[PDB]
Amino acid sequence: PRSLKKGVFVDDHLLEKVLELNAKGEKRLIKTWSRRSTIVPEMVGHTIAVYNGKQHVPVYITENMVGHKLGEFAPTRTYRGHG
Amino acid sequence: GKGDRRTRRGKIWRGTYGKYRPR
Amino acid sequence: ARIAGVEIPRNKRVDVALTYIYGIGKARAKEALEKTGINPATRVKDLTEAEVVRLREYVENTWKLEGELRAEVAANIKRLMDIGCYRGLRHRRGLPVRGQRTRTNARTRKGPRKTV
Amino acid sequence: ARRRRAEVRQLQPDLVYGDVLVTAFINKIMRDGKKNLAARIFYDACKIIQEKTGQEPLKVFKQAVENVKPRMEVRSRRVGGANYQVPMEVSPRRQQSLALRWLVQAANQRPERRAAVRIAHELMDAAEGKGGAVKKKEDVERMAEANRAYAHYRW
Amino acid sequence: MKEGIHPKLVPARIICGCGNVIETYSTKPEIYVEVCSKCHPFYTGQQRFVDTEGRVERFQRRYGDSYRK
RNA sequence: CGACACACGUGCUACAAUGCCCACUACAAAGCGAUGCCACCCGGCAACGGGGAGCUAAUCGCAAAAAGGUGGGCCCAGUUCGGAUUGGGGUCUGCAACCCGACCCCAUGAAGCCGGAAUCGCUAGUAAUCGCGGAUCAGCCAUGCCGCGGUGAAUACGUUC
Ligand SMILES: [Mg+2]
Ligand SMILES: [Mg+2]
Ligand SMILES: [Mg+2]
Ligand SMILES: [Mg+2]
Ligand SMILES: [Mg+2]
Ligand SMILES: [Mg+2]
Ligand SMILES: [Mg+2]
Ligand SMILES: [Mg+2]
Ligand SMILES: [Mg+2]
Ligand SMILES: [Mg+2]
Ligand SMILES: [Mg+2]
Ligand SMILES: [Mg+2]
């Protein structure tokens, strides 16, 4: 996985948004295209309407899911099965 | 063997060297 | 269960025979045998009561094993299955997790084919 | 083939007893073209057979093959609405080919664990007259005679 | 109790894995064991062996809050 | 374009002892190589990292080939067979490995005891089996493809089908 010599890479733009609400006043319903961008410990609480090719899935983050990426809570596939 | 990893031949198989194929 | 949490077979070499212990593998074989200085060629049966505990003891307080070992990787998954990440759905269905193939193959998390 | 009579490959006699026959057997032994391996299990079996039988095992397997040489096999001939197991005087080249194919075949059958062990043990029995190696032959030659009603259909 | 149908109980000495000697009575004048309640985690206050983790993940992380504001 | 209750095709590994492992010891070729090939040194169990000499390359490098051999272990078990699966732990590349990269280490070791009807290849350095190079190429999911050599059989009566 992503190097450690190479720090946790966030889009930086997705990143200003969050810290802009962390002290100035959270929270609002952002609609990120950022999936690469790891979840981060200034983002919990927020309602990052992450995108997935077609729409923005709201996913309120918590102290039980961050080390992953935003591409890991907005599914790209919808599969109720076969038959 | 050839498919296994934790082995010389398995690593020889897949052209890598590690704890069981030392350069 | 002469061995912490399980009875290992005998007439076989200690080093190997430990692998019949959840969380005890080759890489961990020599370690204790090295740490316990117990020659891996001597058979478990042929072991010494003092060796037994030394090879028992040290093995018992440097890693996790068996029960408490299955106890971890479950929650590690159940959490996933709670947060519902991709590896969660791949377990929430019983599907491949490491980008594996799904049109065919993967017949190990699907088990024998089910008729249609 | 369709042209003319194919040729018989004459092999390079072995490097121990100076025989082409030996050279032939190792081949059947030789898997994946591992002549050194094959050449071993043979001259190795040649050792165990010596220890338990103090006669030049060269002769042993010189014998245990003739005992394996089948004289008459059957071959299917489907004249009209039926196929007839028409038996035929087996051929020499083939007989060696036949004997050279069950000893190993029956050796590989054998339950003992080491290669040179089995291969040898099949060597002895045939020199006596025992073992599935003689079984095939035995069974083969009499089904034919059990079908001696089709020799007129011979070829 | 009816004579002849009951395993005789006598003094019993149980032997934990943590040196716990259990002075009891039973059907085997001698029995050793892996664990004694006196050495069991659930008993031993809160001995969480290896995983006293504290659930740092995942809102911990924070190797580097080095990202601009 | 990597989906996935299914239904075929082409392969990889196998199900073991003429075998698996550890270490030790020789033997090719045709190729490729300048923000390329990476010597030697050192960190780390390692992938790899960092230093650093050499090569516009019959010099120098990739680089070791493997099957093999010489020793020791494994004594017939779903095992020291198989490495699928999963957790955990990172590398490296790349702006970015979440669907979606591969390389390294740990623990877990699933099905499989030669496979029904049916079917494929090959006739001599061939089939078998070992491994190696290159093109495509940031990395590459390559068991592919085109090439390269190593060791090395059986069999062909005959033409009815
Ligand atoms: Mg803030
Ligand atoms: Mg293995
Ligand atoms: Mg285990
Ligand atoms: Mg496609
Ligand atoms: Mg099928
Ligand atoms: Mg197929
Ligand atoms: Mg296993
Ligand atoms: Mg299983
Ligand atoms: Mg089964
Ligand atoms: Mg031809
Ligand atoms: Mg290249
Ligand atoms: Mg290749």
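Placement of Cβ uses the backbone N, Cα and C atoms for every residue, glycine included.
Taken verbatim from Swiss-Prot:
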- E:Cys16, E:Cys18, E:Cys36, E:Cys39: Zn(2+) binding site (BINDING)
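Looking only at the binding-site residues E:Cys18, E:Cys39, the densest Cβ neighbourhood within 10 Å occurs at E:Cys39. Neighbouring residues of the recorded Zn(2+) site, listed in sequence order and excluding E:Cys16, E:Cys18, E:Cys36, E:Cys39, comprise E:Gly17, E:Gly19, E:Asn20, E:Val33, E:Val35, E:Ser37, E:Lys38, E:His40 (Cβ within 8 Å of the Cβ centroid).
Long-range neighbours of E:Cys36 (Zn(2+) binding site) (same chain, six or more residues apart, CB within less than 8 Å of its CB): E:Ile14, E:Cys16, E:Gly17, E:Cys18, E:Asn20, E:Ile22. For E:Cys16 (Zn(2+) binding site), the Cβ neighbour count at a 10 Å cut-off comes to 17, with all displayed protein chains included. Taken residue by residue with DSSP, E:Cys39 (Zn(2+) binding site) is part of a helix.
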